[PDB]
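Here the structure comes first, spelled out in C-alpha cells, and everything after it is commentary.
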Ligand SMILES: O/N=C/c1cccc[n+]1CCCCCCC[n+]1ccccc1/C=N/O
Ligand SMILES: O/N=C/c1cccc[n+]1CCCCCCC[n+]1ccccc1/C=N/O
C-alpha cells in the first residue's frame, strides 16, 4: 500500500478498500464510495436476487460513486435543476450494486450508530450517489456512519413473474437487504455499530424501508427506521402478484418476448430497451404510479403491506415517519393536464376532475367523485388556485400523507414508537415554482445537511435548521428518539400515538406539536375510500 | 261591542277580542273558520270553503287543534308541552287566527301567514309561541295563522283516489291563504303583500306552496325556518304514501273507496294510535303522513321542482338554528335524553346514524359516520353526541335548507339565509341541545317582549331585531331595515357568495357557506352513493 492515507484503508468481507478523504465544511470525512455488495446483476443475473459480492483481490478503489442502476432518466425539464438533481450522476449500468459509506475522519474510535439511506425515485430511479444524499455532513457533523446503496430499480429491480425462479420480484429490495447484510457484517470496519442501524429513505426509499420493517429477513438487519414521504402500504408502493405478472408480461410483449422463456428473452433485451418500455405498462393514465415496484410476492412481503401493518407486532420498533407540506405538487407536473413548473398551474374544475382520475387512477367514478366532493372547497368550487392545491393535496394525501398516517397509526397501535413529522420548510434554493410548496424529496437535502455547505447558497436559518434536522435524525438513529436528550429547553417531539396523533412541524420555527395528521381527510382515504371500492 | 273588533268577512261577521300586547292593544280574531269542518265523510278530503254563517261569529278564542298525536315523552315538561295541543283536539279544526294592530291599520299592512310545524303530524296555530300579538302590535303586522290537518287527517293519501288524494293539510293551508286573499283586506291586511312563514313542517309547507302553482298567487314572499319542501322527511312518493295509508288501514282493520270509507269510520285516536307504526324503518325526523308527491299539488318531487322551478319574483328568507338536530335525538336515538348530558358511545353513534339517516345503506351510513367523526377524538362522547346532533340537523334541515337556498338563488329567487344561534335563556331543554329547532320561533314572534316571560333584556332587543327582519322581509322582501346602516347589512344568499347571517345577540355577522362542505356531502355525494347503493 505504501504512501496512502492510513485512514482510508479499510478491509471488508470482500477485501480491501481505499476510500477518500472528503471535505465537509466542519472538516474531513472518510468516504468509501462504490463498494460492491453484490455480484453485478448482469446477463443471466438480471431480475435475479442479488448474489453477494465475491471477494476481490488487492485494494478496491472506493473513492468514487459507482454506476447508477439502469433507469429511466427524467427529461421533462431538460437542464432544469429541479429535475436534474434527481437524475443519474454516474453512468447507467446494470452493474450498479454498489454502496457508499461515509464515516467521521478519523473513523470513530467507538462503534457509531449507522444510518442507512435508501433513495427514492418511485422504484424506477434513484441513486445513492446524488448530491442530496451526500453523507458527508451527517458523517462530519453528527459523527454518523452513513451508508447508501444502489439497488436495482425499474424492471431490473422489480420486474416480477411471481412464482418464477428467474424473476421472483422484489430483487431491488433484495439488493437493499443485501446492502443491509453487508452493513451488519462489514460496518464495524468503519467504526459503524451494526447493532445500531437505522434505515432511512424517502419516498420509494421510505416505502423500501417500510418493506424491510415488514419483511422478516430484513428485521435483524436494522433497529430503527425513518420513512420520509413514503410507506410500504398505499396505492403505489406495491403491486399484487397478479398485477406484477401482468406488467412483466406486457413489458415482455412490448420488447418482443412459461416464465423461463419470457425472462430469458427479457434477459437478452438491452437495458435501455426495458427502460424505454417500462412506462408503457401502467394500467391507467396515472401519476404517482410506477410500473415495476415491490410485488406482494408472499415471500419478501408475506402479505399486502396493509395486512402486515394491520396485524404486525412492532414492539421492538422505533419509527420516524413524516411528510412534506406538499407531497402531491411535484407529481402534478408529470402529466396532470394544466400543471406546469413554468406557470402558476391554476386549473379549471374540469382539469381538477380530470387530474383526480389520473391522480387516483384506481378510483371508480363514484370514488373519484367522492375525492372531488371531499376536496372541492364548496364556497369556491371553481377557484383555480384552490383546485390546483386540492389537486396537489389529493395526490399528496392519497399517496403519501394518508399512507403515512395509516402507517403511523397501525405502527403506533401495534407497539412501535412512532415519531411523526410534517416538513414544511421550502428550501430557499428550490427551483420548483412557489405553488409547489415543499414538494417531496425537498426535505432530504436538509436531513442530509447540504445547507451546511456554504457554497450551496442556503440561508443561515436553513443551515441551523439542517443542523436541527440532522440532530433529530441522528438522535433518532442513536436512541430511537429524535429528541435532544441534552437540550430539553427545545420543545419536545412527542411520540405519535393513535390516541393523541401528535406530530411536529419541521420548519425554521421551533418544533410545534400538531395533532392528527390530516385526520379528517385521511379517514376518507384510509377508511372510507377502501369501502367505496367494496361496491 | 268594540267596533274595532267587528269584521265583516266574505262568510259573515266576526267578533274579535281586544288583546293586550306590552305596548298596546291588538285586535285578535281567533278561530275563524276558513273551511267546512273536515269531519265524517270529509276526512282525508280537500277542505271545502266554509259556508257563510249568520250573525256574529265569536272569533275571540282559539279554535280546536287538529286531531294529532300528543307528545307524551316528557309529561309536564315545558320543553315538550309548549308544542302540545293547547286546545281540544278535534277534526273540526280548520280555523285561522288573525292578529291586526288596534286600531286596525288605516292602510293595507303586509300580512304574515304563519304555518306551524310539527312534522305534519302535530301543531296548532294556537300555541303560545305562535302568538301573533307582538308582531301585530310592535310591527303593525296583520299576522295570520291557520290550523291545518296533520297526521293521517292532513296527509293520509291513497294517491289517485278521489277520497284521500293527499296533501289536504296543504290544501287546508292553501285554503287559509285563499281566505287571506279574499278577506284580509277587511282586517286592514294587504292581500297583495302576503308573506308565508313557517318553521320545520311549516317551512316545508311554505316550501310546498312555493312549489305549487295554485298557491303561488296567494303569497308574495316566503320564510322557511328550519324546513324545506325538499330533503328526506317533507315528502313521500305516491307509492310510499299508498303503502303507509294501506298499512295504517291494515293496522286499524281496513280498493281505495272502500279502504278510505272504512278509515273514515274510525275514531280519530285510532288513526293516531297507529300513525307512528307505519314508518318503514326505526327513524327519527321521519313522519308517517307528510305531503305526497302526487303529481297534483306537487307536480314533481320538491327536488325536481326546486331544480327546475322559476323563482324570479320570489323573495325567500330561509334559515336554520345552531342545533337543528339535537331535539330529535331524544325521541328514539338510544343514549340521548334531556336529563343526562347524552354523552354517547361510538357504538351508539353508529346505531344513531342508521336511525337518523334511516334511508342510509350501510355504505352511506359509514360515509356519514366517517364524515362526522372527528377523527382526532373519534370516541370522545361529547363530540359523538354533537356529531349525532349535526348528522340529524344537517341531513334533515341544514343541508336541505342549503340545497333550497342554493336552488332558489340560482333559479332567480331573492334569498336571505340565516343561522339562529341564540339559545333562549328560558330554554327548558338541556344545554347540549344548544338551540334546538323551534326555539327561534318565540323570538321571531316577539315573546321576549312580554316581560312576564322572563327573557333577558338582550333577548327582548333581539326579538325586536328578529321581528324587524321578518316584518321588513314581509314588507319589502328584504329583511334589512331601510332605516338603519352599517349594521351590517344582511346580504342576499347567492350560490356564488353563499352569504347568510347569524341571528344571535351579537349584531349580524355575514358568513359564507351554510355547512358548504358537509352539505356537499349530503346534497351532492350521498345521493350518488345511494343511487348505486
Ligand atoms: O419509467 N417511466 C418513464 C416515463 C416516461 C414518460 C413519462 C413519464 N415517465 C415516468 C417518470 C415519472 C416522473 C415522476 C416524478 C419524477 N421525480 C423524480 C425525482 C424526484 C421527484 C420526482 C417527482 N416527484 O413528484
Ligand atoms: O305520530 N305519532 C308519533 C309518535 C307516537 C308514539 C311515540 C312517538 N311518536 C313520535 C314522536 C314525535 C316525533 C318527535 C318530535 C317532537 N317534537 C314535537 C314538537 C316540537 C318539536 C319536536 C321535536 N323536534 O325535534
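Residue numbers (the UniProt record's numbering), protein chains in the order written: chain D, 32 to 288, 296 to 573; chain H, 35 to 288, 296 to 574.
Don't be surprised by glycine CBs; every beta carbon is placed ideally from N, CA and C.
Between residue 131 of chain H and residue 65 of chain H, the CB-CB gap stays under 8 Å. Counting of Cβ neighbours within 10 angstroms places residue 497 of chain H among the exposed residues, the total staying below 16. Setting aside the 5 residues that flank it on each side, residue 224 of chain D is surrounded in the same chain by 142, 143, 144 and 145, each with a C-beta closer than 7 Å to its C-beta; the list follows chain order. Distance from residue 383 of chain D to residue 391 of chain D at the Cβ level is roughly 16 Å; contact not present, criterion being Cβ atoms closer than 8 Å.
With 16 or more neighbouring CB atoms inside 10 Å of its own CB, residue 262 of chain D falls in the buried class.
Cβ atoms of residue 358 of chain D and residue 245 of chain D stay farther apart than 8 Å, at about 16 Å.
Between residue 526 of chain D and the set D:464, D:540 and D:548, the nearest pair of CA atoms involves D:548. Counting the other CB atoms within 10 Å of its CB gives residue 410 of chain H a total of 16 or more, which places it among the buried residues.
Neighbourhood of residue 434 of chain D in chain H, by CB distance below 8 Å: empty, with the nearest CB roughly 18 Å away. Per DSSP, residue 485 of chain D is one residue of the alpha helix (DSSP H) stretching across 482-485. Taking a C-beta cut-off of 7 Å against chain D, the contacting residues of the stretch 402-415 of chain H are 404, 407, 408, 411 and 414, listed in chain order. A direct Cα-Cα distance of roughly 47 Å separates residue 324 of chain D from residue 258 of chain H. No Cβ-Cβ contact shorter than 8 Å links residue 75 of chain D with residue 39 of chain D.
At a Cβ-Cβ threshold of 8 Å, residue 193 of chain H and residue 415 of chain H do not count as neighbours. In the structure shown, residue 490 of chain D falls within a helical segment according to DSSP collapsed to helix, strand and coil. A contact between stretches requires three or more CB pairs, one per stretch, nearer than 8 Å, and the stretch 477-494 of chain H fails this requirement with the stretch 391-409 of chain H. Taking the Cα positions, residue 360 of chain D is about 33 Å away from residue 315 of chain D. Residue 417 of chain D has a beta carbon lying within less than 8 Å of a beta carbon in chain H. Within the stretch 438-472 of chain D, no residue places its CB atom closer than 8 Å to a CB of chain H. Within chain D, the C-beta atoms nearer than 9 Å to that of residue 574 of chain H come from 573, in chain order. Taking all protein chains in view, the Cβ of residue 367 of chain D is crowded by 16 or more other Cβ atoms within 10 Å, so the residue is classified as buried. A distance below 8 Å separates the beta carbons of residue 374 of chain D and residue 397 of chain D. At a cut-off of 8 Å, the C-beta of residue 65 of chain H has no neighbouring C-beta in chain D. About 6 Å separates the beta carbons of residue 333 of chain D and residue 201 of chain D, which is inside the 8 Å limit, making them a contact pair. Within the stretch 522-545 of chain H, contact with chain D at the beta-carbon level (separation under 8 Å) is assigned to 539. Residue side-chain check: residue 105 of chain D places its Cβ nearer than 7 Å to a non-hydrogen atom of ligand 1. The stretch 88-104 of chain H makes no contact with the stretch 454-467 of chain H: fewer than 3 CB pairs, one atom from each, lie closer than 8 Å.
Proximity to residue 216 of chain H across H:528, H:524 and H:83 peaks at H:83, based on C-alpha coordinates. For the beta strand (DSSP E) assignment, the uninterrupted runs of no fewer than 3 residues enclosed by the stretch 496-556 of chain H are, from N- to C-terminal side, 540-544 and 550-553. The stretch 537-547 of chain D and the stretch 560-569 of chain D do not touch, with fewer than 3 CB-CB distances between them shorter than 8 Å. DSSP, read as helix, strand or coil, puts residue 569 of chain D in helix.
Shortest Cα-Cα distance from residue 469 of chain D to any of D:539, D:380 and D:226 involves D:380. If you check the C-beta of residue 150 of chain D against ligand 1, you find no heavy atom less than 7 Å away.
The C-alpha of residue 454 of chain H is placed about 6 Å away from the C-alpha of residue 354 of chain H.
Residue state for residue 232 of chain D is assigned as strand, using DSSP reduced to three classes.
Its chain contains 132, 145, 176, 178, 224, 225 and 228 as the residues whose beta carbon lies nearer than 8 Å to that of residue 218 of chain D, once the 5 sequence neighbours on both sides are disregarded; these appear in chain order.
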